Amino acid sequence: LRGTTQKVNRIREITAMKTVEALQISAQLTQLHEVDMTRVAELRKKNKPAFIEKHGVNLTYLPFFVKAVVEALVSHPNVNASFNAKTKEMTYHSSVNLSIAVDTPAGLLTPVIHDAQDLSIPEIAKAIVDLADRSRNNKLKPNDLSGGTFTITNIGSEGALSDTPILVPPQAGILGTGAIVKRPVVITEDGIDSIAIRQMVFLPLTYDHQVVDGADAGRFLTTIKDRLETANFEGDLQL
């Protein structure tokens, strides 16, 4: 590539145009919360063999993030929404159509899990495997890329703690899952503080201030954080 000028492909041309425009037709800002993933990590380590044996797919952290985010989009319908700046009307989507960022040799794509609110953790794990595979092997259909109401992007896959991901209207939010890192943190029990090692992650949420304010974003991220930290997912694994 070095020392050359080359025309970009259609996917990269559209990405360049849409991201420049997206920032000018929305009011983006990125709120950041930290989440203790230790209990999810222990649950995943304990149940991974039985999960793979019963459902036929590997159990990663992604279905836990997806389950929590989709439940929070149902509980906070104001975030699963779109604003029309010409009519000043807000549309609150009944479907949670979750876009996921996927890496392909031709560029990043955002295929969609339609009606993700009806899916269990085993169904989510299978849908991720299917979308990632077809995205990398050029087997996506136009329906796989349209209708998204919210996006999740795994920025931690290449080592980042956090980012300010660009949302694409008509969506109102895009959540990044940063790298999960062991850190010394403070634990409080019966008013006594102590230092312990925990698996911590940053969850940066880019949100559109036309649709969501700082308090709305914080309540939505708190629902996600508390669901993941409690890690009451054994029943959800359907073992």
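One-based numbering along the sequence shown.
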Please compare 156-164 with 81-89 and name the stretch with the higher mean C-alpha B-factor in the deposited structure.
81-89
Output the stretch having the higher mean C-alpha B factor in the entry; the candidates are 131-139 and 111-119.
131-139
Please work out which residue in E42, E34, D213, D190 has the highest C-alpha B-factor recorded for this crystal structure.
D190
If you compare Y207, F202, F65, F51, which has the highest Cα B-factor in the entry?
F51
Give the position of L98 by CA B-factor within its chain, expressed as the lowest, middle or highest third.
middle
Looking at the entry's B-factor column for C-alpha atoms only, identify whether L228 ranks in the lowest, middle or highest third of its chain.
lowest
Consider only the C-alpha atoms of the modelled residues in this chain, order them by B-factor as the entry records it, and name the third containing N9: lowest, middle or highest.
highest
Please place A125 in the lowest, middle or highest third of its chain by C-alpha B factor as given in the entry.
highest
Relative C-alpha B-factor of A72, binned into the chain's lowest, middle or highest third
lowest
